[PDB]
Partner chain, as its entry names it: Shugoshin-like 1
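The form deposited without the partner chain is given below as one chain in structure tokens.
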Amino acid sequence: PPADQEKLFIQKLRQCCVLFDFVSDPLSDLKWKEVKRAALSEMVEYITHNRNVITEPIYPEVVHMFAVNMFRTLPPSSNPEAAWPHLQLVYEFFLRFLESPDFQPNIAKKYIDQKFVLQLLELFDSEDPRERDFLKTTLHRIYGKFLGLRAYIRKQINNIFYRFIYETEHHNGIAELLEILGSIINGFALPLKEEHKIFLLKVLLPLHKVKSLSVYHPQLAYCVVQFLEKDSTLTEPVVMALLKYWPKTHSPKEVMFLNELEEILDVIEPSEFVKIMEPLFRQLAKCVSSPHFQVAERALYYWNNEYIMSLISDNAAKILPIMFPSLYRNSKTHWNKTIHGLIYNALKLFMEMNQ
């Protein structure tokens, strides 16, 4: 009875909509809560195994389901779930429903609107990492499907980052947004729009100055390197901003910045590198003489990289005078055996590259 099956689909949608969720008392309506869980599982297996089970009437009820069971104001961040299984079932149900080939984005474009996207985005600040992962996947699918909403999504994410970097400096979902944005970047057109350049300069670069760079550092580095791959021209400003945003007090942040500049130099172009050696190597000479052994080890691993050697040997005359004083002073004073060996190896390479 396929028509009856779809009507029972709608009825179970209504049942899962009403207050039979795990949020309510598990003991009260316990059979109801359990049959709600089993109903979500049955819905998922039904829409997986069966085909052509998505009709125009279906979309509003599932959208209302997602809004009711998910679109709520985030709980207070008392930190300086019992209902989680049902919520996770809702997440995976919605995810597969989007993944359904029978899904038609044009049909759902009325049901999924800018308000829906905005409430989904504000959900991203949830403390649960699993919640953030599911939301990340959901937003990625939505952005992939809906072409029209993409500009609004980008603008709303830009607003979220502006509030984060300038007003609140407290957002748990930064990493997920960053990786989604990187996925978007990979598909950017070769001539970058002025909106994209403004996004890079005014948003991502200020992310570095944010105190909690550690939690979202790899994703930010990936986005930056993706832009640098997209356009070589944008490399020159960004690195100086990197120098401008360089921290003078936190050694671990210095290690993180090293990492980023290492990837940048891995993807750098010689024409930009000849422009940007002097401040970069000034900061690097400060770092090699920095008392912290980890930053020193990272800056010495810089010499281990082949591409960095090649680029430095390309223009020895400018780099060498900056490196010589810090290298000589570090030659005079050294404590750790590993750092001593690394600095001496760097001295040997510097003697080889020029005398």
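Residue numbers count along the first chain shown, from 1.
Although it is not shown, the form deposited with the partner chain bound is what the next lines describe.
Peer 1: Tell me, yes or no, whether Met351 is in contact with the partner chain in the entry with it bound, where a contact means a heavy atom of each within 4.5 Å.
Peer 2: Flag for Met351 set to yes.
Peer 1: Can you check whether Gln5 is within 4.5 Å of the partner chain in the entry with it bound, heavy atom basis?
Peer 2: Looking in the entry with it bound, residue contacts with the partner chain do not include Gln5, since no heavy atom lies within 4.5 Å.
Peer 1: Heavy atom to heavy atom, is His340 within 4.5 Å of the partner chain in the entry with it bound?
Peer 2: Residue-level check for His340: yes, a contact with the partner chain.
Peer 1: Is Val18 close enough to touch the partner chain in the entry with it bound, meaning at least one heavy atom pair within 4.5 Å?
Peer 2: Although the partner chain is absent here, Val18 would stay clear of it in the entry with it bound, with no heavy atoms inside 4.5 Å.
Peer 1: Indicate whether the candidate residues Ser271, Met277 and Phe281 are all in contact with the partner chain in the entry with it bound, with contact defined as any heavy atom within 4.5 Å.
Peer 2: Verified in the entry with it bound; spot residues all out of contact, no.
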